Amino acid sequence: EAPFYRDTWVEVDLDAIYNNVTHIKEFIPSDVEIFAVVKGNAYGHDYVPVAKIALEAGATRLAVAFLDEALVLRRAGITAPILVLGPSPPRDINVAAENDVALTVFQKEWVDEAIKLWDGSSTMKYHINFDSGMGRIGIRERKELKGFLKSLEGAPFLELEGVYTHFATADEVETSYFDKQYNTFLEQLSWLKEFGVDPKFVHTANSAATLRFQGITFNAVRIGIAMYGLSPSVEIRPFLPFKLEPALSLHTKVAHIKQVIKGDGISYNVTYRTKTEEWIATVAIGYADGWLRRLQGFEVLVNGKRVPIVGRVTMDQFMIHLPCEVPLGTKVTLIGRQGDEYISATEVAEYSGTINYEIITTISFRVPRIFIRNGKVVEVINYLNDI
């Protein structure tokens, strides 16, 4: 339990993550594996505890965005397979090999450069990304694949572990583009067949695709958002096959409370004035914590009541208009439950003109995370203590 000295914190309920992974594992075929996707500081829940609980719940593999994230996991004693999903520079080849991290590799040019940087003994695992319509990274054309495979002839130290694609629209109700991607991916698999390469270990499905569609499980699925207990989109939420259990909540405490006379200003540039004598509370969280200025006017929870953020959000603090005096130290919930009220990360996202993924994942490293298992605090991680 790392110490922390501001009463602002994230709570991660490891039971929720465990349950979500267990439920997805039950839902997919028995011969299909789960990559627990922990990119972006585990979508703001913290790399290591999420990886550990997901593995305990039956995920067998992990995925991250870039190599440094994988190394966090390795230094924590995790030995499960780890795949980097984003692109990596060729200079990463020996370090990834040494740390048993597979990279996404999909360019002849990368292979050409890796040959130049290879230490002459390391074997690095890779997965081919096929771009079937996401348009981000990955191979798109047959002749492109051919060239890539030709370059690999000069790089025996690169060992294919698997092959994958990613869906751009699986969280949309209408499924035309998803169907096109699926058909394109099968065409792309047939290029490998033509060129004499076994894809070995095929994976396509994110949370949305996994929880919707038949016949896209292949050998493994890659679960991010649903593991954290949130719907990939508002439009598919109503028809998920079972209830997802949100893992993350975000809380602070009333740091000051005062009665502000009618007409007085609150915060930078005096964008709010009290309409009567008003109870104004202040809390020690702000945009440096990832709680952005665009959340001005959003309603947080105090005593199970929705109360608005008033005046400009500052770097480290914001102000709230309460109906009644409350004691200093009163719990203020930004994401989560008080009484019969619940503020979801999606509701925060909607007010903010964004998506839940971005809200959770941008909660700053300066905010401590408290980890709960069976209702009890089992770990506190305060990254500020580490730096």
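The numbering used is simple: start at 1 and walk along the sequence shown.
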Inset, instruction - Compare the mean C-alpha B-factor of 319-327 with that of 56-64 as given in the PDB entry, and name the stretch with the higher value. - result: 319-327
Inset, instruction - State which stretch shows the higher mean Cα B factor in the entry: 109-117 or 270-278. - result: 270-278
Inset, instruction - Just grab whichever of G263, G290, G86, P232 has the top CA B-factor as deposited. - result: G263
Legend entry - Maximum C-alpha temperature factor, selected from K150, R222, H251, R294: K150
Inset, instruction - Could you say whether, by C-alpha temperature factor, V380 belongs to the lowest, middle or highest third of its chain? - result: highest
Inset, instruction - Divide the modelled residues of the chain into thirds by Cα B-factor and specify which third, lowest, middle or highest, holds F35. - result: middle
Inset, instruction - Classify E26 as lowest, middle or highest third according to the C-alpha B-factor given in the PDB entry, relative to its own chain. - result: highest
Inset, instruction - Compare the C-alpha B factor of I343 with those of the other modelled residues in its chain, then answer lowest, middle or highest third. - result: highest
Inset, instruction - Taking the chain's C-alpha temperature factors as the reference, tell me which third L211 falls into: lowest, middle or highest. - result: middle
